[PDB]
Structures are given as C-alpha cells and as structure tokens.
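Input: a single structure, listed below in structure tokens.
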Amino acid sequence: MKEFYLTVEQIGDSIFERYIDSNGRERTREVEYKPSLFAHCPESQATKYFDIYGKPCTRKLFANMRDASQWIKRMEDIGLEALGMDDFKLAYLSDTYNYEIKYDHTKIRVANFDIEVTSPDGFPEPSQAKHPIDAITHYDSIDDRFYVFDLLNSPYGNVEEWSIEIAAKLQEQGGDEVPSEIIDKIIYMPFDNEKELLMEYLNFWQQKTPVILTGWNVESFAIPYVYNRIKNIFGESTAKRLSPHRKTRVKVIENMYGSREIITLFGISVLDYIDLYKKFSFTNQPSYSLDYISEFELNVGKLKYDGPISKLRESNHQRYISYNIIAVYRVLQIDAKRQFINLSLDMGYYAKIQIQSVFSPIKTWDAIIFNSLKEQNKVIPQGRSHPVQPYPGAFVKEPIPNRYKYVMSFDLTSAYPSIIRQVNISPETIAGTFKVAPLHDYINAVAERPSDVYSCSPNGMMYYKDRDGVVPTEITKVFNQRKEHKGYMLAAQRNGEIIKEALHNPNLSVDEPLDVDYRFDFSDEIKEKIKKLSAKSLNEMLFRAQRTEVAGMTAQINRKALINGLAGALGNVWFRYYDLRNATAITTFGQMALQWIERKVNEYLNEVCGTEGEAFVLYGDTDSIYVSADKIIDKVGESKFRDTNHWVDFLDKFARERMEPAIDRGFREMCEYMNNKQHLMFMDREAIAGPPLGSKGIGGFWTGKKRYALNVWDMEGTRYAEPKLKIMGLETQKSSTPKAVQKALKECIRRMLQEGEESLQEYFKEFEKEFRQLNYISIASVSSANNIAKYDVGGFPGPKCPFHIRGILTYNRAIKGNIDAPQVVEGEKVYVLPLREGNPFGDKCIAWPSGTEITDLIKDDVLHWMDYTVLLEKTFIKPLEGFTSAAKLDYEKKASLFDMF
DNA sequence: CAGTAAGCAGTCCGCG
DNA sequence: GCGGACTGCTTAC
Ligand SMILES: Nc1ncnc2c1ncn2[C@H]1C[C@H](O)[C@@H](COP(=O)(O)OP(=O)(O)OP(=O)(O)O)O1
Ligand SMILES: [Ca+2]
Ligand SMILES: [Ca+2]
Ligand SMILES: [Ca+2]
Ligand SMILES: [Ca+2]
Ligand SMILES: [Ca+2]
C-alpha cells in the first residue's frame, strides 16, 4: 500500500512524524528536515523557480528549520519579501507525500474517551484538577473495544465493582440498558487506588496511542483535566506521556472576551466532537449537552438518575459507570450517522494538513494552493499584514409583504465558486482595471463593454483569459467532489419519497428490507418489490435511505462550505492571498448577475403573457429569484387540472422547458458582455410552491427580506409524498424561539399555506386556551450569554443590561452562597423566562443553563411566578401578527353581519 | 478563527 | 407608544 502520514509536528529542528508504512504498520520517525525558502533574483540568473507572477526566484536551502525562520526575520529587517511555505511541516508533507494520498481509515487509531470526576464543591476546574478521576471509558477504533477504568476507592467513597450483568438488564429490571451490541466489547478494569488507575491508563495510552482523539468536550474538559491531575500527582514528565513525543504546550484560546486553557498534545490530532458538530452539522442548538444532542440526533431518551451528579457515584456507582460507558457510545452513534470524522480525514488528507487544521479553511486553502503551485515549480508569496476593512456583499431585493399563491424559485449552482471560475478570479490572473460605471448601467446593459481583451467583473477588475488561475483550478476540483456527493444525497432523498409512498399500502407479510445502494435511484424492479413489502421492512428501508441521505449531506454541504470559504478567504486579512479587489470582484459580479437575470426573467415573462412593466420576480437574495406563477396557472385555468400533482408537473415542465432556456440565454449574453472566460452561471429551478388544489390555503407569504414561508411540492427534483414547508428567517427557524412556540407557529403557518384563514383561527383559539399547561422548558426562550461580568454591578443589572443577562443576574442572586447549584457559564446558552410583578426574585426575568432543569431550590418558585401572558405575547402573538398582517389574514375571527341571528 | 446583509428584541430616550 | 441609535443575537445567503 501507499504510505500516509498520521500526524506531523515541528519540534525545534526536527520534524516528528507518525505514519503508516508500505506494510500498513504504524511507525514514528524523527527527521532533520532542511527547509527551502526563496528570494527574487536577477533575470540573467538561470532558475526553474518562479513566483506566481512569473518573476524568477532563487531557492535557499537551510541547514535547519531555525536558520530558515531566522532568515525570514532578517529579510523583514532588510525590507525584502521572503517567499515560500513558512509552515515547515506543510512543506515536509508536501515533499514526503508528493502524490494524491490514499488513506486507510482502518489503520488510523481513533480514540473516543470520557472521564468522570466527583466534586462536592461545584464544577471541577481542569486547571486545578483537585479531585480524583474516578472513571475513564476509552473506546479504541482499532480494537473496537471500550476500555473501562473504574476507581473503587476514593476520598469521596468506597464502592463495589460495576456489574456487567446488571448493566445489560432493562431499566425496568433495575438495569442500565447498556446496549447489547456493545456488551461484548467492554473490557472492565477496577482499581484499588487512583495512582494505579492513572499509571495503568498511561501504559495503555502508550500501547494504543490515539492518532485522532475525540469525545464530547474533551478539549476543554477531559484532556486538560487528565493532564493536570496526572501533573499534580506525579509531576510534569509523567503528564507529558500523553504526547507520543513527550511535548505539550499550555495554549490560550482568545476571541474577543475572556480566555481559556487547552493542552496541546504534540503528535496527537484532537478533534473534539462538540467542535466537529458545531462546524459541520449546520444546526444551531439551544443546548450542547451530550444528552440534548443525542436526543436530537438519535431520538434516544435522556440518561436518567436521581440526585445530583456529585452524589451519583456514592449513591449508585453501578449506574455511574454504565452512564460513562453509554456517553462514549453515544458519540460513536452520532458519528456513525453524521460521519464528521470521515469528513475530516478526507479533507485533511486532500489538503495535506494536520487533520485538526480542517477547522481552518484559511489553513486548508493555504496548503491546497501551495501543493498545486509547487507542482509547477511555482513559489508562493510571503504572508503580509493588512488592516481589517469592510467591503460590499450580496444584493437582496426588498419584497412587497404579501401572500404569494404560486411561486417558482431558481438559484445559481455554487454561486460564488462559479463566479470565480467564470471570471477567472485569482491572485496571479489580475490583468488590470477598467473605468467603472454605476452597477445599474451594467444591469441594464447600457454601460460601455468593459474590455475586448480581458474577463471582467463590474467592480472594475480585469482578468487574463489565456489560462486558469490556481484559485479557479483548485476550487473546481472541490466543486466536482461536492457535486458527486450532492448527487448521492438527492438520489437517497428521492428514494426516501418512494418508500414513503409505498408505506401507504404496506403488505401483510414477514419479509426483509431489500439490499440496495440508496445513493442511486431505485430501478423499476426495486420499485416493484417495494410495493410488496411489509411496513417493518419499509420502515427499515426508510431509516436506511435517510441515513444515506445524511451521509451525502455531510459530504456535500461541507465541501460547499469549503469552496464558499475560499471566496470568503479572499476578504480575510489572515489569508496569504487576501485581496479586496478579488473579494469585491466576486460580490459585485453577484449583485449584477441577480439583478441582470431579474430583468431578463421579467422581460421574458411579460412577453409570454403579453404584458409590459409587470413584476414577475417578487424576491431574490444573493443568487436566487422567486417568480410569481399565478398568471401561468391562470392561463391554463385551475379547472383544467386533475389534482395538485398535475399543476406541479405543468409548472415543473414550464420551468425546465421555457424558463431555464430563457435564463441560460440571458446569462450567456451577460458572460459575453463581461467577456468572461467561461459561462458557468447555471440557475436551476429550486422550489415549486402553491396551495393544495381546491383548498383555501394561501400557498406562501413574505413579511420582508430573509423572512418567508412557502408550501413546496417539489424541491430540486424531489417530488414529495407530502408537501413540505420551506420557511426561512421566521421564528420557527430560530434557536432563540421556545420549542413549543416554534411548533405552534409552524402549525399556524401550515394552516395558512395549506388550509386558509378559518383553519388558522381554529388553531390559534385552541393554542391560546391550552398553552399555560405547556412544560416550562418548552416555553422558555434561549439566548447565548456573553459579557455577564460587564453588566454585573454588585449582583444587579448595570446600564444597558440585556434582558437575558438580567435573567442570569436574577438567577445568580437566587442561588448565591450555593456551592452545588449549577453556574451559568460565560458564553454558553441559557433558558430565559419572564416573571410576574411582585415575584420573590425581585426582577422581571430569570435565566438558567440551557438544556437543564432549573435547580430544585427555586424551580417551584419560578413555576409559580412564570409570566405566561408576557411569554405568549412576545414569542407567539407578536410574530403571528407579523405573519398574518403580511399575508392579509386575521388570526381571530372579526365580527360580521351574520352574528345578528 | 478572521465572508456580508439584514432581521427582531431590548435599552435608552426623544417626541411638545 | 413609536422610532432612532445602539448593543446583542441570530439567520439567509
Ligand atoms: N456559510 C457561508 N459562508 C460563506 N459564504 C456563503 C455561505 N452561505 C452562502 N454563501 C455565499 C456563497 C454562495 O455561493 C452564495 C449563495 O449561497 P447558496 O445558494 O446557499 O450556496 P451555493 O450557491 O454556493 O450552493 P448551492 O449550489 O447549494 O446553491 O452565498
Ligand atoms: Ca459524565
Ligand atoms: Ca445557490
Ligand atoms: Ca440547485
Ligand atoms: Ca404494498
Ligand atoms: Ca440561494
């Protein structure tokens, strides 16, 4: 097999590399890597190295990495550019793996661990590590085993051994329901004392040294806790054994407010699953507890126990251990679904970076572009300092707030990356500037043609047409990967809808789910067999289809994020190729394209309908248009349609056979006008939206920019078994809106769009009458809580104190002098409730940590004083009034003359 | 981390 | 009470 790196570090003048050799064995080597850097030189001097602009360079080979770093400094002191890859491990990987990396995940040791620490005096701070580690569960991907290290004797209580037999039993038998599929994979090790536990853990770690290290909050909790506890008991040298090269750094994490402490283990790649989830999941969650995320992702019940966690070990050690094991398994289950570890490996190996660098698109792109340029003996420019400067972004059309009955949407495939490729936007392809006219002159095709030689953006930039830039070249490769995975995602989705249909008529049989590849559209033979399956087999197939769809989503959406991050990186002062000329070339071309095509679509539709001046495009955002199809439907007449699916077909055909050719023609003209390198503006139909045939549903509505709802029948070629709501921006979509409120508002919207005014009034009336019964958590608002200290003035709200911070301060007073009460953590999320006048908390709201029950001390008082009226008005009624006035509907029946009888 | 646009909640305060 | 300036937070792209 081909070799691949596992980890790489620079330590002084050595590269330390862990790798898989040609026999699939793990090895470690220390290499005294001699880096090269580059300086411009005279033309008269023969060389094969040129910078990205074609100026000749001489290579400088250094005796060692420190000489190279010192040289960079002296070049700054002289005032001359020091060219080449200044991150020497990236140069090392590029030299050592000068081919596309084919990796084998089965040879990569992925460790997933979690620790428990009993603490009587509040949260056990990792930087102090003053309490014994009383349990570790460490799952090893190569052994496929959960290694359980269990402390039997502690100053906080001596306990009996954990029982695997009780662990396996149902909770209704008194057991812990540790899933049966892992029972045989548990290797249980009890210990008489913490020192032997930790010594054995370190010996185990030595034998099975993680390459990828993950778990839930491991970076901010488990790793620094284990490190510091070992440090405190044994000394530094012993704690450094967590690093295969015995090197660690205490690293400070700083954004804007405050700072925390993480331990960098040299030669390990830490991918904390919480950070993987935040970067790659594209959710915003009200809470990031593992119980909360597990429930959301896996539909598994909360891990339940009596009393506080600080008393759980002594009261029920059996359950204490079982829950530590389950917690480790839950992260593996989330990963089997979401496949974020697989994604990280793919992207890391593609770029040739440290795997943990996948969190940084700047570092990812820096390395991809470096490897690409190196191939052609080209030399990358030195990174420079730039002051942060604002620059313009997308255009968003102001919609007329209204109901909109029939709507078809279109938007550009991979808009920004496509602009980059079409225009040929790249550091080395800048050809010059032209004299710019106001944007509107380009939109209306009245401005002078920018160039007869170069490819242009309406921001005034011109680009070469003779050859692709490195940015277009590399962005295209990742775009193509994205496209392949999106294809699989969409096929899985369509296949899902086939199964849902079939589920209307399940067969009364005992049979099995078909063995099929859900990434490909089901053949006719598969469809026929599906129509004969039991409900059990169909449901199993649906679950499997949806799992495939999720896997495709992870792979495609994060590749989309990476390429979109390249368009962004051009406006990031930290990027090697930062250039506001290029960042603005992209955004300004986008504004033009949207408004250009708005004009073209309006002109086309006024033509087919025989009108003038009428606005068919009602909305657009960045690269999308929403076209009113009322007139199209009305031209055949609603009476002509057999059912909903019939008009959906008709509009689908109209979009494909009339709209898209017209759109393509308009964009080809724009490409010619801008003299671009390649026409790549592909604006495909997204949504077909409307009310159910013969209903009083309104179909859709807009309240304003980035705020709308549509009843959709077909999304990007997926024809739904049941209509789906596309809601953007409205409160149903915000993590800040109470759970129960999101649900009620969504049902109100469903009724509006599918059923009409009267249905809406029925549901509102019922919701208003019943809502006081809803669980307090389900009706609590949610907010991130930053700068708690800034607004805290002796425990009371300072000037301009935000509502949610006020709540926290209320909470802090209510729990003051309580060591065991959960503390609100700076920068984390809180639930927030309003309080009625004259409550014992002495303020108008309270907040507590999100994803948790409020502490029992005050729970009963919060419940007694919760202001249901304020809650209702602010979270439900106010947004609903916004929706209904926009749609010209009433959520309460108005008096009519019929009332006289 | 460190792409921009733009919505709504809330504070503070004006607005005769 | 609304709205304007402002802070805070959260989406849509
Ligand atoms: N998360 C993001 N980061 C940076 N730029 C973004 C992000 N989301 C959207 N954009 C910018 C770049 C996109 O090309 C453009 C249009 O957004 P959008 O339609 O969501 O994606 P897209 O056009 O790149 O992919 P798709 O093919 O799925 O439509 O807006
Ligand atoms: Ca725990
Ligand atoms: Ca798009
Ligand atoms: Ca599309
Ligand atoms: Ca059937
Ligand atoms: Ca779009």
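Every heavy atom of this structure was used, including side-chain atoms; hydrogens, water molecules and symmetry mates were not. Order of the sequence lines sets the chain letters (A, B, ...), proteins ahead of strands, with each chain counted from 1.
- The backbone N or O of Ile362(A) sits nowhere less than 3.5 Å from a side-chain atom of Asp366(A) that would complete a donor-acceptor pair.
- Contact between the side-chain N/O atoms of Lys878(A) and the OP1/OP2 oxygens of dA9(B) is found at a separation under 4.0 Å.
- Counting any heavy atom pair closer than 4.0 Å across all strands shown, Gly704(A) reaches no nucleic acid atom.
- Checking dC1(B), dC8(B), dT11(B) against every side-chain atom of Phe803(A), the shortest atom distance belongs to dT11(B).
- Separating the CZ atom of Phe575(A) from the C1' atom of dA2(B) is a distance of 12 Å, rounded to the nearest angstrom.
- Between the side chain of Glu9(A) and the backbone N or O of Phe266(A), no donor-acceptor pair lies under 3.5 Å.
- Look at CG on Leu566(A): it is 19 Å from P on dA2(B), rounded to the nearest Å.
- The side chain of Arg707(A) lies closest to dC8(B), out of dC8(B), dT11(B), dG3(B).
- Which of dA2(B), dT10(C), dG10(B) sits closest to the side chain of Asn284(A) comes down to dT10(C).
- For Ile625(A) and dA12(C), the CD1 to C1' distance is 17 Å, given to the nearest whole Å.
- Summary of the strand contacts: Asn572(A) and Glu398(A) both lie near DNA chain B, and taking for each the nucleotide with the nearest heavy atom, the more 5' one is attributed to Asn572(A).
- Its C1'-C2'-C3'-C4' torsion being positive, the sugar of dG7(B) is assigned to the north family.
- Here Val573(A) lies out of heavy-atom contact (under 4.0 Å) with every strand.
- Distance, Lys705(A) NZ to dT4(B) P: 17 Å, rounded to whole Å.
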Please list each protein N or O that sits under 3.5 Å from an N or O in nucleotides 6-8 of chain C, with the distance.
unit_1: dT7(C); atom_1: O3'; unit_2: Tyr791(A); atom_2: OH; d: 3.4
unit_1: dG8(C); atom_1: OP1; unit_2: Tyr791(A); atom_2: OH; d: 2.8

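- At a threshold of 4.0 angstrom between heavy atoms, the contacts of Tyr391(A) are confined to the sugar-phosphate backbone, with no base atom among them.
- A distance of 10.0 Å separates CD in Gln285(A) from OG in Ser850(A), rounded to the nearest 0.5 Å.
- Using a 4.0 Å heavy-atom cutoff across all strands shown, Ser735(A) reaches sugar-phosphate atoms only and no base atom.
- Atom pair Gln742(A):CD and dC8(B):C1' shows a separation of 15 Å (rounding to whole Å applied).
- Remark: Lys600(A) pairs with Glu669(A) by the side-chain hydrogen bond (donor to acceptor under 3.5 Å, both in side chains) rule, at least two apart or across chains.
- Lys844(A) comes within 4.0 angstrom of the backbone, heavy atoms only, and of no base.
- Note on the helix from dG3(B)-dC13(C) to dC15(B)-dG1(C): angle between the axes of the first and last five pairs equals 30°, rounded to 10 degrees.
- The distance between atom CG of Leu580(A) and atom P of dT4(B), rounded to the nearest whole Å, is 9 Å.
- Listed nucleotides: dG10(B), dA12(C), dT10(C). Nearest to the side chain of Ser736(A): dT10(C).
- For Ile362(A), the listed nucleotide lying nearest its side chain is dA2(B); candidates were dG10(B), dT11(C), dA2(B).
- In summary, the aromatic rings of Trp848(A) and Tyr831(A) are positioned with their centroids under 6.0 Å apart.
- A donor-acceptor pair is defined here as one N or O able to donate and one able to accept, closer than 3.5 Å; no such pair exists between the side chain of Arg260(A) and the backbone of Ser220(A).
- Look at CD on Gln591(A): it is 18 Å from P on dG3(B), rounded to the nearest Å.
- Panel note: side chain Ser426(A), backbone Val471(A); a donor-acceptor pair is recorded below 3.5 Å.
- At the heavy-atom level, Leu570(A) lies nowhere under 4.0 Å from the strands shown.
- Across all strands, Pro392(A) comes closer than 4.0 Å only to sugar-phosphate atoms, never to a base (heavy-atom distances).
- Distance alone, capped at 3.5 Å, is enough to place a donor-acceptor pair between the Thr214(A) side chain and the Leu271(A) backbone.
- Using modelled atom types, one side-chain atom of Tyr619(A) and one backbone atom of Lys706(A) make a donor-acceptor pair closer than 3.5 Å.
- For the pair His804(A) (side chain) and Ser784(A) (backbone), a donor-acceptor distance under 3.5 Å is present.
- With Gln556(A) as the partner, the side chain to side chain donor-acceptor pair (under 3.5 Å) test is satisfied by one option alone out of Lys483(A), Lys486(A), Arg482(A), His485(A): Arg482(A).
- Between the P atom of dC1(B) and the CZ atom of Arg576(A) lies a distance of 22 Å, rounded to the nearest Å.
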